[PDB]
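Structure record follows, encoded as structure tokens.
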Amino acid sequence: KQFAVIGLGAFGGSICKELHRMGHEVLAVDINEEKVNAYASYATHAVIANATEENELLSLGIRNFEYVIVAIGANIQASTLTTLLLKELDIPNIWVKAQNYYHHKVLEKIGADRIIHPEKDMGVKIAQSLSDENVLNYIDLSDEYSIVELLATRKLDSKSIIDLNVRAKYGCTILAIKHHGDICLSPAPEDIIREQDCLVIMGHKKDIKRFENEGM
Amino acid sequence: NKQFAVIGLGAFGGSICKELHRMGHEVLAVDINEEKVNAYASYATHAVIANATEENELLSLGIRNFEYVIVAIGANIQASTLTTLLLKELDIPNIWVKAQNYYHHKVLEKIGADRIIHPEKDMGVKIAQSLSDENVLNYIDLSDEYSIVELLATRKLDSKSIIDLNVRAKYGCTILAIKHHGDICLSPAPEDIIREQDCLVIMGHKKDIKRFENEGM
Amino acid sequence: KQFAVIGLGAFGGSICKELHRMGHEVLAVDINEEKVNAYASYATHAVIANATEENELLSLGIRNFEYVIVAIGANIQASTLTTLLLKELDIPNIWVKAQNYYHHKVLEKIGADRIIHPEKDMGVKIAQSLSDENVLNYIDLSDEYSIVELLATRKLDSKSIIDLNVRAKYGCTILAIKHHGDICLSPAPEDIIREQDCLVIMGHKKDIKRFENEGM
Amino acid sequence: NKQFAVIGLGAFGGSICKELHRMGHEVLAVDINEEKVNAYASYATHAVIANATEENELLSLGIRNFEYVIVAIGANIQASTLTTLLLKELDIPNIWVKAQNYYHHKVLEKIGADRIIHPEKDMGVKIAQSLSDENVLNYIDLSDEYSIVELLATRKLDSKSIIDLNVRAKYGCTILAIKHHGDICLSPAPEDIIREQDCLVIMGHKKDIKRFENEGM
Amino acid sequence: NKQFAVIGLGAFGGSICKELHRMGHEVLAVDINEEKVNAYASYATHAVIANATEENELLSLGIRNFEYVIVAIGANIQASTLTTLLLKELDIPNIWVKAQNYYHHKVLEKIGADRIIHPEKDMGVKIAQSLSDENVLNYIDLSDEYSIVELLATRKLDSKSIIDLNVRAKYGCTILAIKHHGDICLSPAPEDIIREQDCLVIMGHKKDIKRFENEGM
Amino acid sequence: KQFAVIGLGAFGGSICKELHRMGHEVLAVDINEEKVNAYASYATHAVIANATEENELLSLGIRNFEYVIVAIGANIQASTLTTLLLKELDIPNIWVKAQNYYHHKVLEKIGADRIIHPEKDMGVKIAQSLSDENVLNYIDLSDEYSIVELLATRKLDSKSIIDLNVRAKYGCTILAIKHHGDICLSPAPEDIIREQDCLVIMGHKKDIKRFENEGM
Amino acid sequence: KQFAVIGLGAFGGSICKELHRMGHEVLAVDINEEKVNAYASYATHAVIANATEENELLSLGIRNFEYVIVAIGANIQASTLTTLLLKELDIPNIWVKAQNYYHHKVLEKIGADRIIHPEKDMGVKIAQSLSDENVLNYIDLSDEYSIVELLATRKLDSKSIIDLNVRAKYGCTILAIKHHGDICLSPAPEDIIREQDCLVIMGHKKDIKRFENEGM
Amino acid sequence: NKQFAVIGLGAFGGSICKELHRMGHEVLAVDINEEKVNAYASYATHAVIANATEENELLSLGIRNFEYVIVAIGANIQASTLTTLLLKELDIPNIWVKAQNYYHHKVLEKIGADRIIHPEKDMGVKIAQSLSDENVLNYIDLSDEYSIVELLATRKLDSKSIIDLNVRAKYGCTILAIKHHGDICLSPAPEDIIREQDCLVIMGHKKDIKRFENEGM
Ligand SMILES: Nc1ncnc2c1ncn2[C@@H]1O[C@H](COP(=O)(O)OP(=O)(O)OP(=O)(O)O)[C@@H](O)[C@H]1O
Ligand SMILES: Nc1ncnc2c1ncn2[C@@H]1O[C@H](COP(=O)(O)OP(=O)(O)OP(=O)(O)O)[C@@H](O)[C@H]1O
Ligand SMILES: Nc1ncnc2c1ncn2[C@@H]1O[C@H](COP(=O)(O)OP(=O)(O)OP(=O)(O)O)[C@@H](O)[C@H]1O
Ligand SMILES: Nc1ncnc2c1ncn2[C@@H]1O[C@H](COP(=O)(O)OP(=O)(O)OP(=O)(O)O)[C@@H](O)[C@H]1O
Ligand SMILES: Nc1ncnc2c1ncn2[C@@H]1O[C@H](COP(=O)(O)OP(=O)(O)OP(=O)(O)O)[C@@H](O)[C@H]1O
Ligand SMILES: Nc1ncnc2c1ncn2[C@@H]1O[C@H](COP(=O)(O)OP(=O)(O)OP(=O)(O)O)[C@@H](O)[C@H]1O
Ligand SMILES: Nc1ncnc2c1ncn2[C@@H]1O[C@H](COP(=O)(O)OP(=O)(O)OP(=O)(O)O)[C@@H](O)[C@H]1O
Ligand SMILES: Nc1ncnc2c1ncn2[C@@H]1O[C@H](COP(=O)(O)OP(=O)(O)OP(=O)(O)O)[C@@H](O)[C@H]1O
Ligand SMILES: [Mg+2]
Ligand SMILES: [Mg+2]
Ligand SMILES: [Mg+2]
Ligand SMILES: [Mg+2]
């Protein structure tokens, strides 16, 4: 129930703001005074501290937190050393931001609980949108299977779900349609799709992509 | 097989370049750092050392040829800004740019950036939902209220059937898939069973899902 | 009636001193303490502040000023970001100093009310004096027409305005003559011109330049 | 067709070089930065990379050939100073130098600079008159007391004649020109009309003009 | 005649390289500083300028050929760390690394360093025993309790025999050697004499030796 | 009885900790505040001071100490100048850490009492272990003679000291055997040696090395 | 009677110490706090001040001093600007240290009362000692004439002034002989010169140098 | 025609080099800065870019050939120190070195510098005597008590004879020379006259001269 966020960068700042917005106890820690002041209004508490300094860590009472997030990026040494201190303080859950393949590996070795690559991961998602302008967002069930949110084109305007027989034609299933903000869940065969609506389809990627090539 | 130009081979842009090329697209990698160009040389169609703030070098790249130009310059906001400005004045159709903060976004907005992205900001949200709720593995939002969520089944859910968990009536949700031992099951029948540490895909309203988590899981 | 001058450089310093000299309420703002102290005696109020910091801007009560001048030069990012903050604070009149063609463009895009290029503009004026040692100062009515202040040579000593029939000979009109500090406005045909006096002529540039080549 | 040397291709000196050359004069652009030389190469007769504090490189430029040498070095006051000192000792006829502050002016004065210029200081004054008085577009001072001013006509002045506005008797001033829609009118007759957002050129004493502004406009 | 690679030609690694080569071993000296490579060129089998954090340059060295690779990078802990990480992933049998502090040791421990060394830390102890006890010249610890010590004989011990100093019965220790004027004596007989400023080698328990020092010396 | 340690680096830090552990009066001196704070708990007293500043030296009352250790490394000039000040303050025993051959020489010239090369010296010791994996630790009696601690191999398991007739076969003598932590001093001819035990041998290096080649 | 020394470097420090030693009122001014503290005991007053800052100059009451010495070296701009401020404060006597030929020239132009080149001047003196090991010290009366202090060699031991008929042989005159510290002024013809004594000779340089070549 | 090596072409060493060469001596100028070497190239017999802390480059200079080596390195005390140390170990006969402070002198003293010089310190004294006493132009000290001084004659001394000013009896001093309008007079007769703004050379005890100044001048 107690969260600590060390390193109030673009990543950690988002985490801190979002966690706090959910009504959780969040401690924001940063070496820069300007940052601390900025996120003071976004954290339960905001304290200036050097996280590579063990005494300051104890001063924070950091052992009390079940989750501690190290979102230090540019200074790879600081990121590494901070996590190490935390593990030696027997912190249950330590999530750390990684800068490259090698940074992930050392964090792996020293007992980080979960390592994240925000930029590397988003890069993939956006690339998928670049290659395929139709795709708005998606989630991968596996290497082969995914759920995709498509932006309906002119070709689909005023067409029905039975008209788009994705179950037989593409082996897929329509999960939702979003029109002008209104949402429809598990839509009936009588439901109509208009242009520039959001269409949620489920199935194998190649089957979905094929629906895009032929259908959309 | 469109033509992409990627300016700024950082953690973000690097991923884009590697991923775009992997799909078999024509991608030009451009960076001011010579060491980077060598590194991503094996991942791009062409890799060229260039300063994107330099108009002559920009024309030398033949940037007019590209329908999509990606500005993935982060740390140097002025360079990020100045690059986009040149690109807009070169009448590039689609200019996608990485933003560092709220104000960087606004300036990119004003000078006519086509798509602005906040990788860290967006991931912060995604990760935060997992921090607050260890059960959620991944998700997608259909709207402000409705979302599709991938759940990690607990001991509490072991060996239970979909008809036993009538989420359609009890929680107004629907199970979309179950992933067991790597094997995947789509549109599972009411007789299908769920075991612990499997991946469970549920669809519905946020509050309805969270309630299922508190009571079911 | 309320003026704010941010960035007390060579440009802003001149503005601040000159505005204050006219008896206007001027707030001088600079990140450098030495500057603030220096222009303290030249401003109504002088306050140390980082203009890229939004809270300090509100602390200044900058919304209260009808005119805010951003005279930050070297740090182009600061100049840009400051103006942006001001526009988002709905400041009526925002005048900003530009460093180059590109800086003008972004300031243009983000809603600057007037953009100025002090060095670029003066460069032209001085170049005109370099090419033509006779010219002291001028103003352009258009691309073709201008009013010019000439330094009278030996060729013009003790000559009259009717003797210099600029209305017929060059299609121009003499507006003023300055002798030893004494000024003459709308001078009569009987007025005499002595060497090293200031002569103010009006007409087309080529006609004026021709008067210089032939007359002076 | 005199010979000009321009040392310091900054915002100021750059303008000078571009403008002088545009008039068809022989201009030599000299700068310590190689990137600058390339940039202004297209705007100068000759463009040479050189350190103006280096006497041998100075002679290599053949600076003795120039009747006018412009020192437009600003930020580096020592370089600005040291360049002028060399030039004076090379018996250059006319040495014009950019000054950064009051004291820089004094030293340039003492070592025999022929013309010292304060671009920002001078513009500050010009701009300030427009800030305090939005009606004034541009102006020139005949003396400490008398000036010629270009005014932006308001709604209050729309469709009024010059004889209706007898500024010669009422304010002791004279209208010199009216600019309408780009079209220009010189020495306008008393029957000539002025419409809003036109350019109005008035001549007289400062207080007389300002009074006309308060009452007329 | 094993194969050694020495990364980091510092005070520590430099000594290693010089000493290993002196014994007639194949040693490859590798350093990022070009000046260093030249300096230790005369002390290594091969001397190559290389960045040990660069994987391609690492393979170029043929580091796989070496059974022993010594990371003697100190000041730059990230480089020290990153080098070891690469080496472990290249499946190098024995990787010995210099540590700067306690935490640097831990990370080296976790990523599978085979031997970690603390030269300054270890010497600090050795030197400290001489500071506190000027009589001890050098020593070796058999355990936490038992050690072998080299003592500097005082005036108090001059011309005394080993049978006169029955350290075996009186202190439970044994004299192992006496060094006189450079001449060395091993397993000295009970009749052997000790003169001042000679080197005396004693073996036993720490407290027993120190007591002999207080009473004997 | 009074010790001063100037320069709390890796070397000096070890000295300070070890001297203090022995229950000696130790004054830790460092220019860095973080260091001083760190070794505050390891020194009798810890004081921030610049040792190149003579007044601060007198302020420490440094004349009172019989032993002063200068463990400044990176800044060779500071190391040199500090020692010089100390000698001019007539300090009895001044021990100084050296960085290179040349630093030793100047310290030699200005009257340092003992000069130490920690890294250079350890380099030799470790190299001996690299070349000979059997060697754990050693001490040199001279250029030729040494006492060596060997790690017993399979070849020596369950063998006796008379079986290893080092007195006749190699002209050496066994001094101790360490088994599972238990130690044996001046071991009897009946004593057994098991694998991975610690074996202490005394004699000429070549004789010992030969025992390793043939015996072990 | 009032002296100010700005810039407590090697040059200014010597001046300040030497002037103060003579019992004069000396104000030491330096931007570096450590310097100020150091020369505090050597000045009547020692004050931290930036001499390029006009207000601090007035704060010192620098107009009160008849002599102000600017001994700023490395920062040529500071040296120049300081002197300029002083001249504009109408300081009677302004002595300034110069770094090069060009620095002398600008100081010349802005009204420095005396400009000094300590290093350049000493360089000559020492060079004269290098070329001629016999010369200890000297003073030039002109380009041709000088007074020289010579170190007597073996060739001159136990020789008399009439024996060294410098008035006829070399056209010179002996002014003094220094033996073991004892000094002799206007020495008589009976005075003896012993080896390694100090001999003071007056005349033309070439005549003196010739005496060295032939006599000494 | 001895052989001189000059390390450190600063204000001090530069003067030495120029002056030594002017007298027609073989002088080798050595400096780490390439720009300096070019500058003093015209003033030295040979001018070579070299790092004096580099032993190999030092031998490359053939520094053993020189009987005199001048270390005129100031700012970088470690380089100044390290250079001298190398030179002493190369058994150079006479090593003259510039000192920056008291402690730099001591270290140079200890490592066997043959002559140590304090240009600024020495000049400070000379200049100070002129500051306190505007009448003195230049001087030389015979000892702690006795000195020879060059005085600037005032109005008070105009048209006075040497017999009128019997400094030999009245002040125990002697006039050595009078310089008038550039013309010089040595061993002037008692009938010789002194006019204002001439140069007057007086010899004697410091207090005797100063007293003559107070009373005579
Ligand atoms: N030693 C430290 N202790 C605590 N906080 C630190 C330390 N070093 C850096 N930080 C903080 O961590 C924050 C994030 O670091 P930084 O912004 O350099 O990483 P980044 O790669 O830019 O991350 P992002 O991708 O989120 O922008 C910074 O705000 C910084 O103040
Ligand atoms: N003017 C320029 N011209 C060309 N390339 C540039 C320019 N400025 C920066 N870059 C390149 O852009 C790349 C991305 O910038 P950088 O990685 O510093 O941003 P970042 O905030 O760290 O992004 P990420 O979050 O992906 O780490 C850099 O590798 C740099 O080489
Ligand atoms: N972030 C900031 N907030 C407020 N003031 C700033 C900031 N950054 C710089 N300034 C101030 O703006 C002033 C002008 O900037 P600067 O002098 O570098 O521009 P410049 O190009 O030299 O302008 P000029 O042409 O007038 O000399 C400086 O005095 C500086 O103190
Ligand atoms: N020693 C030198 N030799 C030759 N060129 C020089 C030297 N020093 C500076 N310059 C050049 O002078 C140019 C003008 O200087 P700079 O632009 O820094 O002055 P500024 O105050 O910024 O002027 P502006 O107000 O025009 O921006 C610089 O572009 C620089 O390349
Ligand atoms: N990335 C790298 N690749 C190759 N060599 C490196 C790298 N980083 C550092 N080195 C080299 O490692 C050497 C040793 O590092 P350094 O001497 O700074 O450590 P140290 O703590 O000073 O060790 P010592 O105690 O021996 O002085 C340096 O000489 C440097 O040239
Ligand atoms: N002028 C000074 N006065 C006092 N202490 C100083 C001074 N300069 C440096 N020190 C201290 O000396 C300590 C050791 O110096 P440093 O660590 O740079 O040497 P090192 O070569 O790294 O030594 P080691 O081999 O022990 O790591 C540092 O902690 C530093 O704070
Ligand atoms: N702006 C300033 N105002 C006052 N004092 C200053 C200023 N800048 C420098 N100084 C002082 O002037 C002193 C002399 O300057 P510096 O030592 O750099 O010249 P230098 O060439 O080394 O002179 P020297 O030949 O005597 O060693 C320094 O102690 C410094 O603190
Ligand atoms: N390691 C080195 N090898 C060769 N030359 C060097 C080295 N270090 C310094 N020098 C040269 O010595 C010269 C003199 O040093 P520097 O002029 O900085 O001393 P300084 O105190 O300024 O002397 P001065 O009082 O004459 O100005 C410098 O020009 C520099 O080029
Ligand atoms: Mg990032
Ligand atoms: Mg400017
Ligand atoms: Mg070390
Ligand atoms: Mg000097």
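Letters A, B, ... mark the chains of the structure tokens in the order given; residue numbers begin at 1 per chain; ligand numbers begin at 1, in order shown.
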Within 10 Å of ligand 12, which residues show up when you count only C-alpha atoms and all ligand atoms? List them as an mmCIF file with N, CA, C and O atoms, in the first residue's frame, please.
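Produced file out.cif, reproduced below:
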data_model
loop_
_atom_site.group_PDB
_atom_site.id
_atom_site.type_symbol
_atom_site.label_atom_id
_atom_site.label_comp_id
_atom_site.auth_asym_id
_atom_site.auth_seq_id
_atom_site.Cartn_x
_atom_site.Cartn_y
_atom_site.Cartn_z
ATOM 1 N N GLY G 9 48.604 39.243 -6.953
ATOM 2 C CA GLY G 9 49.340 38.163 -7.583
ATOM 3 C C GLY G 9 50.778 38.171 -7.113
ATOM 4 O O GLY G 9 51.102 38.794 -6.100
ATOM 5 N N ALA G 10 51.640 37.472 -7.844
ATOM 6 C CA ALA G 10 53.062 37.448 -7.529
ATOM 7 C C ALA G 10 53.643 38.859 -7.544
ATOM 8 O O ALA G 10 54.424 39.232 -6.667
ATOM 9 N N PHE G 11 53.232 39.645 -8.531
ATOM 10 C CA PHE G 11 53.697 41.018 -8.660
ATOM 11 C C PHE G 11 53.122 41.910 -7.563
ATOM 12 O O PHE G 11 53.864 42.458 -6.749
ATOM 13 N N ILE G 72 46.783 42.990 -11.953
ATOM 14 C CA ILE G 72 46.042 41.888 -12.549
ATOM 15 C C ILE G 72 46.723 41.449 -13.841
ATOM 16 O O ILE G 72 47.011 42.274 -14.711
ATOM 17 N N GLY G 73 46.995 40.154 -13.957
ATOM 18 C CA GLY G 73 47.738 39.638 -15.092
ATOM 19 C C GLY G 73 46.937 38.799 -16.068
ATOM 20 O O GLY G 73 46.657 39.245 -17.178
ATOM 21 N N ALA G 74 46.566 37.590 -15.652
ATOM 22 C CA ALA G 74 45.948 36.603 -16.543
ATOM 23 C C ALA G 74 44.717 37.138 -17.269
ATOM 24 O O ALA G 74 44.558 36.935 -18.474
ATOM 25 N N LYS G 97 50.290 46.603 -14.338
ATOM 26 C CA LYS G 97 51.124 45.522 -14.851
ATOM 27 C C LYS G 97 50.631 45.105 -16.249
ATOM 28 O O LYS G 97 49.430 44.943 -16.475
ATOM 29 N N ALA G 98 51.560 44.932 -17.184
ATOM 30 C CA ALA G 98 51.203 44.547 -18.548
ATOM 31 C C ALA G 98 51.584 43.099 -18.848
ATOM 32 O O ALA G 98 52.562 42.584 -18.308
ATOM 33 N N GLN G 99 50.815 42.448 -19.718
ATOM 34 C CA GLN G 99 51.056 41.047 -20.068
ATOM 35 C C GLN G 99 51.805 40.890 -21.383
ATOM 36 O O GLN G 99 52.597 39.963 -21.542
ATOM 37 N N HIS G 117 56.576 45.978 -17.141
ATOM 38 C CA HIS G 117 56.684 44.621 -17.668
ATOM 39 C C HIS G 117 57.682 43.822 -16.841
ATOM 40 O O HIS G 117 58.828 43.647 -17.255
ATOM 41 N N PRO G 118 57.250 43.338 -15.666
ATOM 42 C CA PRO G 118 58.159 42.688 -14.715
ATOM 43 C C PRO G 118 58.916 41.506 -15.307
ATOM 44 O O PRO G 118 60.134 41.432 -15.169
ATOM 45 N N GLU G 119 58.207 40.602 -15.970
ATOM 46 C CA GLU G 119 58.832 39.391 -16.490
ATOM 47 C C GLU G 119 59.773 39.693 -17.655
ATOM 48 O O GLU G 119 60.886 39.174 -17.715
ATOM 49 N N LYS G 120 59.311 40.519 -18.588
ATOM 50 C CA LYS G 120 60.123 40.925 -19.729
ATOM 51 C C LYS G 120 61.419 41.600 -19.273
ATOM 52 O O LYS G 120 62.489 41.323 -19.813
ATOM 53 N N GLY H 10 57.242 31.695 -21.922
ATOM 54 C CA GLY H 10 56.307 32.648 -21.355
ATOM 55 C C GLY H 10 56.840 34.061 -21.468
ATOM 56 O O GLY H 10 57.762 34.317 -22.241
ATOM 57 N N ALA H 11 56.247 34.980 -20.713
ATOM 58 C CA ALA H 11 56.714 36.361 -20.681
ATOM 59 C C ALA H 11 58.166 36.426 -20.221
ATOM 60 O O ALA H 11 58.970 37.184 -20.764
ATOM 61 N N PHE H 12 58.487 35.621 -19.213
ATOM 62 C CA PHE H 12 59.838 35.552 -18.666
ATOM 63 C C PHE H 12 60.808 34.866 -19.631
ATOM 64 O O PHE H 12 61.755 35.487 -20.118
ATOM 65 N N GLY H 74 55.757 28.427 -15.506
ATOM 66 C CA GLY H 74 55.249 29.093 -14.323
ATOM 67 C C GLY H 74 53.938 28.520 -13.829
ATOM 68 O O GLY H 74 53.890 27.864 -12.787
ATOM 69 N N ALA H 75 52.873 28.773 -14.585
ATOM 70 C CA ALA H 75 51.520 28.436 -14.155
ATOM 71 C C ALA H 75 51.384 26.969 -13.772
ATOM 72 O O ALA H 75 50.856 26.646 -12.706
ATOM 73 N N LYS H 98 62.270 29.080 -13.025
ATOM 74 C CA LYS H 98 61.372 30.123 -12.536
ATOM 75 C C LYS H 98 60.476 29.574 -11.442
ATOM 76 O O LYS H 98 59.911 28.492 -11.587
ATOM 77 N N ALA H 99 60.346 30.319 -10.350
ATOM 78 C CA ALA H 99 59.490 29.905 -9.243
ATOM 79 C C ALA H 99 58.245 30.777 -9.158
ATOM 80 O O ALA H 99 58.282 31.962 -9.490
ATOM 81 N N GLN H 100 57.149 30.185 -8.699
ATOM 82 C CA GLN H 100 55.879 30.889 -8.609
ATOM 83 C C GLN H 100 55.603 31.359 -7.185
ATOM 84 O O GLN H 100 54.983 32.401 -6.974
ATOM 85 N N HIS H 118 62.792 34.666 -8.896
ATOM 86 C CA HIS H 118 61.467 35.200 -8.606
ATOM 87 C C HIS H 118 61.277 36.568 -9.264
ATOM 88 O O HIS H 118 61.391 37.597 -8.597
ATOM 89 N N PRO H 119 60.983 36.579 -10.577
ATOM 90 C CA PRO H 119 60.917 37.818 -11.365
ATOM 91 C C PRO H 119 59.938 38.843 -10.793
ATOM 92 O O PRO H 119 60.320 39.998 -10.601
ATOM 93 N N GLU H 120 58.712 38.418 -10.497
ATOM 94 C CA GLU H 120 57.684 39.326 -9.997
ATOM 95 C C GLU H 120 58.028 39.822 -8.601
ATOM 96 O O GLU H 120 57.939 41.017 -8.317
ATOM 97 N N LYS H 121 58.432 38.891 -7.741
ATOM 98 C CA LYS H 121 58.839 39.213 -6.378
ATOM 99 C C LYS H 121 59.960 40.240 -6.342
ATOM 100 O O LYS H 121 59.915 41.193 -5.564
#
Which of segment 63-208 of chain H counts as helix (DSSP H, G or I) under DSSP, as a VMD selection string please?
-> chain H and resid 63 to 65 77 to 89 102 to 110 119 to 132 155 to 157 167 to 170 206 to 208
Save out the residues we just selected, C-alpha atoms, as a JSON list (two decimals), in the first residue's frame.
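New file result_8.json:
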[["chain", "number", "residue", "atom", "x", "y", "z"],
["H", 63, "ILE", "CA", 69.02, 18.10, -24.00],
["H", 64, "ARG", "CA", 72.23, 16.44, -22.82],
["H", 65, "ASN", "CA", 74.11, 18.70, -25.26],
["H", 77, "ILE", "CA", 53.91, 24.05, -11.24],
["H", 78, "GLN", "CA", 53.80, 20.27, -11.64],
["H", 79, "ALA", "CA", 55.22, 20.57, -15.17],
["H", 80, "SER", "CA", 57.82, 23.05, -13.92],
["H", 81, "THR", "CA", 58.70, 20.64, -11.14],
["H", 82, "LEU", "CA", 58.61, 17.50, -13.30],
["H", 83, "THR", "CA", 60.78, 19.10, -15.99],
["H", 84, "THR", "CA", 63.49, 20.08, -13.49],
["H", 85, "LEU", "CA", 63.41, 16.58, -11.98],
["H", 86, "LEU", "CA", 64.08, 14.99, -15.37],
["H", 87, "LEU", "CA", 66.84, 17.50, -16.08],
["H", 88, "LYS", "CA", 68.61, 16.79, -12.79],
["H", 89, "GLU", "CA", 68.42, 13.06, -13.53],
["H", 102, "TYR", "CA", 57.82, 30.17, -1.63],
["H", 103, "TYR", "CA", 56.97, 26.48, -1.60],
["H", 104, "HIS", "CA", 57.71, 25.98, -5.31],
["H", 105, "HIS", "CA", 61.15, 27.38, -4.51],
["H", 106, "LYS", "CA", 61.66, 24.85, -1.70],
["H", 107, "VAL", "CA", 60.87, 21.84, -3.88],
["H", 108, "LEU", "CA", 63.14, 23.18, -6.63],
["H", 109, "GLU", "CA", 65.77, 23.66, -3.93],
["H", 110, "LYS", "CA", 65.45, 20.08, -2.69],
["H", 119, "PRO", "CA", 60.92, 37.82, -11.37],
["H", 120, "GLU", "CA", 57.68, 39.33, -10.00],
["H", 121, "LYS", "CA", 58.84, 39.21, -6.38],
["H", 122, "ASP", "CA", 62.10, 40.95, -7.25],
["H", 123, "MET", "CA", 60.44, 43.59, -9.44],
["H", 124, "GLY", "CA", 57.84, 44.26, -6.77],
["H", 125, "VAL", "CA", 60.62, 45.49, -4.52],
["H", 126, "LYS", "CA", 62.26, 47.62, -7.23],
["H", 127, "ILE", "CA", 58.97, 49.21, -8.26],
["H", 128, "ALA", "CA", 57.89, 49.78, -4.64],
["H", 129, "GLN", "CA", 60.95, 51.96, -3.97],
["H", 130, "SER", "CA", 59.82, 54.17, -6.86],
["H", 131, "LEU", "CA", 56.21, 54.26, -5.64],
["H", 132, "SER", "CA", 57.21, 55.34, -2.13],
["H", 155, "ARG", "CA", 63.68, 72.28, -9.46],
["H", 156, "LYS", "CA", 65.32, 72.52, -6.06],
["H", 157, "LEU", "CA", 68.59, 71.19, -7.55],
["H", 167, "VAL", "CA", 77.65, 65.05, -0.72],
["H", 168, "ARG", "CA", 81.00, 63.46, 0.16],
["H", 169, "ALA", "CA", 81.26, 65.50, 3.35],
["H", 170, "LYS", "CA", 77.64, 66.52, 3.99],
["H", 206, "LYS", "CA", 70.50, 54.17, 2.14],
["H", 207, "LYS", "CA", 69.74, 56.51, 5.06],
["H", 208, "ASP", "CA", 72.41, 58.97, 3.90]]
Among listed residues H:159, H:179, H:217, H:73, nearest ligand 7 (using only C-alpha atoms and all ligand atoms) | H:73
For chain B, list the residues within 12 Å of chain D, counting only C-alpha atoms, and write the list as a ChimeraX atom specification.
-> /B:54-56
Give as JSON, numbers by chain every residue of chain F that touches chain G within 12 Å, counting only C-alpha atoms.
-> {"F": [50, 53, 54, 55]}
Please, could you write that set of residues out with N, CA and C atoms as a CSV table (one decimal), in the first residue's frame?
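Below you can see selection_39.csv, which holds the result:
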chain,number,residue,atom,x,y,z
F,50,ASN,N,41.6,21.6,4.1
F,50,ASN,CA,42.4,21.6,2.9
F,50,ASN,C,43.9,21.5,3.4
F,53,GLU,N,46.6,24.0,2.8
F,53,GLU,CA,46.5,25.3,3.5
F,53,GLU,C,47.1,25.3,4.9
F,54,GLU,N,48.2,26.0,5.0
F,54,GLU,CA,49.1,25.9,6.2
F,54,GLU,C,48.3,26.3,7.5
F,55,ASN,N,47.4,27.3,7.5
F,55,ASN,CA,46.7,27.7,8.6
F,55,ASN,C,45.7,26.7,9.1
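By chain and then residue number, the residues within 9 Å of residue 160 of chain B are residues 156, 164, 165, 192, 193, 194 and 195 of chain B, counting only C-alpha atoms and disregarding those fewer than 4 positions away in sequence.
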Extract, using only C-alpha atoms, all DNA, RNA and protein residues at most 12 Å from residue 147 of chain E, discarding same-chain residues fewer than 6 positions from it, and format them as a ChimeraX atom specification.
-> /E:138-141,173-174,201-210 /F:137-139,147,149,175-176,183-185,200
